[PDB]
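Naming convention: chains lettered A, B, ... in sequence-line order (proteins, then strands); numbering from 1 in each chain.
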Amino acid sequence: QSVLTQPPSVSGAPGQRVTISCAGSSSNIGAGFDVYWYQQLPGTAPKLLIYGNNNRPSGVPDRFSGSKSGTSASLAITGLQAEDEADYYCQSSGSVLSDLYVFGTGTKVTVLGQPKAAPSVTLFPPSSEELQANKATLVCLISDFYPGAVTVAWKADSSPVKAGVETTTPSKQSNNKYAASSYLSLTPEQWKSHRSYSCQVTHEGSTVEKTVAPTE
Amino acid sequence: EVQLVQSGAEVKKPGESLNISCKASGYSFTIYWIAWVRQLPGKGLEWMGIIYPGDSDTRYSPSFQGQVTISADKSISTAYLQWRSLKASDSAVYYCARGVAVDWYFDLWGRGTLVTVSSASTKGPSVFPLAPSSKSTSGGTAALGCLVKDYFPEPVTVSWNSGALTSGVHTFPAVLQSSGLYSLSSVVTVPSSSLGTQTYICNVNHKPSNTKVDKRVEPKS
């Protein structure tokens, strides 16, 4: 039933301090129950990081510290290091059975260990052969960007298109930059009736937009 | 050393039964509570229930009471999570975790078991060419590729020219569609001056469907 609300994402450069908030309620943190923190490195089992609001287990560096106030709690990481890039979960408890254990929504900490790299965007129209199979897929390929976070929006002529869009989560390439792809599924008739279709990629505040048209 | 070892990923259709497991080592199994915790795609963690392995005393969260059965086998230090009838909405990562005495937290976790519940059936891909384009590539080069559409399960393997062409190849991770099926693209960047003389074939293999495709990718002209 209850959840503790956390920011989906936090980033910082190596050496800086970052904080992760954890918003609870009058029935858990506000009622006097303790707060715990877990760290989950990618591919690994979650690990206890903080217990009893501000205690650290052995094996946890003093760079991590926890705090609680009113209905909220906070995890602070000083001297951010590459190894701290991970998902972090807060946890408490409440008074009802459903809330025996209450968990946070999780926060991905990104450690910005290399400079920003802008995405290259490649947009392919439906192939004639796919049109003959009564389908139409536009393919938007996004590569060589850092950090690994993008949003994609599609447009038909000049109006947004939400239906038929599937976009991957960014994944790391061999050069430690990131790649992602977005697909717009249309009927052959939709492809031919509109004048153009666009893939707009937003990365760190800047946008790259490519357009194709059936009349190419 | 204390460890909790969970069984591997599962793929099931709705209406099938399933049990997943968590083997404890390094401590006295019977005197610590074991919990099961669910993580739905894009969500946080949610506790499902806990069991005391010494006497198999079990407590369930009300949400999951009657949807799952938790049990334990002392002889082999293993706890189980069991569904009689799975649903698509049961697709999630399931964690085993060891509770602490008195305080309400966990000091030891398993790595998690991915359970995927889908009506998707084994299906081989349809492969379509992505005809070369020089619009977004560096000077003197062109990008061509193949679209590998609507297959299940992962993975497909893509090579180019029977593995003779490896430089400039970028096979993108697949996208999971709402239909339950996967699609991916593989693109290779080649010299523009080669498009008329060099043949480019993408070799797509999907072992689960025993499908093999060798698709020529030609200029549109």
Side-chain angles (χ1 to χ4, degrees), chain A residues 1-94 99-113 147-149, chain B residues 35 37-40 42-47 93 95 97-100 102-112:
Chain A
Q1 292 174 336
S2 294
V3 310
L4 312 178
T5 293
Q6 291 178 244
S9 41
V10 170
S11 74
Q16 77 175 219
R17 180 174 176 282
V18 298
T19 57
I20 304 176
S21 57
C22 172
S25 77
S26 63
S27 67
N28 42 63
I29 302 184
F33 301 98
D34 281 351
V35 183
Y36 314 86
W37 289 90
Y38 304 95
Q39 177 190 44
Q40 181 175 29
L41 303 176
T44 81
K47 167 182 144 152
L48 187 67
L49 193 75
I50 296 280
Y51 65 94
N53 313 310
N54 43 40
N55 301 126
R56 303 151 192 78
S58 302
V60 160
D62 190 9
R63 321 190 268 97
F64 297 90
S65 71
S67 64
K68 166 173 126 136
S69 170
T71 60
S72 59
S74 180
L75 180 70
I77 315 179
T78 61
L80 207 61
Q81 277 152 46
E83 297 195 349
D84 301 331
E85 183 157 309
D87 294 313
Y88 296 77
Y89 296 89
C90 59
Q91 186 247 299
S92 183
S93 57
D99 288 355
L100 178 69
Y101 304 95
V102 174
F103 285 91
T105 56
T107 296
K108 179 52 174 219
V109 166
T110 291
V111 178
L112 304 164
Chain B
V37 181
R38 185 174 75 167
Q39 177 175 226
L40 281 302
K43 290 303 173 298
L45 304 169
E46 185 177 13
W47 96 283
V93 177
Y95 296 93
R98 193 182 78 165
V100 57
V102 173
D103 300 314
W104 302 115
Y105 68 91
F106 305 102
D107 63 355
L108 181 67
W109 294 70
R111 292 180 188 168

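For A/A31, the side chain to side chain contact (heavy atoms under 4.5 Å, CB included) test picks out A/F33, with sequence neighbours left out. Residues satisfying the side chain to side chain contact (heavy atoms under 4.5 Å, CB included) test with A/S9, not counting sequence neighbours, are none. Contacts of A/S27 classified as side-chain hydrogen bond (donor to acceptor under 3.5 Å, both in side chains), with partners at least two apart in sequence or in another chain: A/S25. Residues satisfying the side chain to side chain contact (heavy atoms under 4.5 Å, CB included) criterion with A/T71, sequence neighbours excluded, are absent altogether. The side-chain hydrogen bond (donor to acceptor under 3.5 Å, both in side chains) test applied to A/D87 returns no partner, not counting sequence neighbours. Residues forming a side chain to side chain contact (heavy atoms under 4.5 Å, CB included) with A/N54 (at least two apart in sequence, or on another chain): none. Applying the side-chain hydrogen bond (donor to acceptor under 3.5 Å, both in side chains) test to A/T107 and every residue at least two apart in sequence or in another chain returns A/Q6. By the salt bridge (charged side-chain N to carboxylate O under 4.0 Å, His left out) test, A/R56 is found to be paired with A/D62, residues two or more places apart in sequence or in another chain being considered. Judged as a salt bridge (charged side-chain N to carboxylate O under 4.0 Å, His left out), and not counting sequence neighbours, the contacts of B/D107 are B/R98. Applying the salt bridge (charged side-chain N to carboxylate O under 4.0 Å, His left out) rule to A/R63 yields the partners A/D84; only residues at least two apart in sequence or on another chain are considered.
Annotation: ring-ring contact (aromatic ring centres under 6.0 Å, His included) contacts involving residues 55-92 of chain A, sequence neighbours excluded, are absent. Listed by first and then second residue, the disulfide bond (SG atoms under 2.5 Å apart) pairs that reach into residues 25-62 of chain A come to none, sequence neighbours excluded.
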Worksheet entry | side chain to side chain contact (heavy atoms under 4.5 Å, CB included) assessment of A/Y101 paired with B/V37 | CA-CA 10 Å; A/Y101 304 95; B/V37 181; over 6 Å; no
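No side-chain donor-acceptor contact under 3.5 Å links A/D34 to the backbone of A/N53. In this structure, A/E85 contributes its side chain and A/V111 its backbone to a donor-acceptor pair below 3.5 Å. Side chain of A/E83 to main chain of A/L41: no donor-acceptor pair is present (N/O by atom type, distance under 3.5 Å, no hydrogens or angles).
Atoms CG and CD, from A/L49 and A/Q40 in turn, are 12.5 Å apart once rounded to the nearest 0.5 Å. To the nearest 0.5 Å, atoms CG (A/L48) and CD (A/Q91) are separated by 9.0 Å. Between B/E46 atom CD and B/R38 atom CZ the span is 4.5 Å, to the nearest 0.5 Å. Residue A/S93 holds its OG atom at 6.0 Å from OH of A/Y36, rounded to the nearest 0.5 Å. Rounded to the nearest 0.5 Å, atoms CG (A/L112) and CG (A/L80) are 8.5 Å apart.
Using a 30° and 60° split on the angle between ring planes, A/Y38 and B/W109 fall in the perpendicular class, above 60°. Between A/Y51 and B/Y105, the ring planes are parallel. Angles under 30° get that label, and only those over 60° would be called perpendicular.
In this structure, A/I29 and A/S72 have side chains that are not in contact, with every pair of non-hydrogen atoms separated by 4.5 Å or more. Within the 4.5 Å cutoff, the side chain of A/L75 has no heavy atoms near those of the A/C90 side chain. Proximity of B/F106 to A/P46: side-chain heavy atoms (C-beta onward) are nowhere separated by under 4.5 Å. The side-chain heavy atoms of A/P42 and A/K108, taken from C-beta on, include a pair separated by under 4.5 Å.
In plain terms, the two heavy atoms of A/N55 and A/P57 that are nearest each other are O-CD, 4.0 Å. Pairing each heavy atom of A/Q39 with each of A/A86, the nearest pair is CG-CB, 4.0 Å. Of all heavy-atom pairs between A/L4 and A/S92, the closest is CD1-N, 3.8 Å. Annotation for A/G66 and A/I50: closest pair N-CD1, 4.1 Å, computed over non-hydrogen atoms.
For the residue pair A/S2 and A/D99, a side-chain donor N or O sits within less than 3.5 Å of a side-chain acceptor on the partner.
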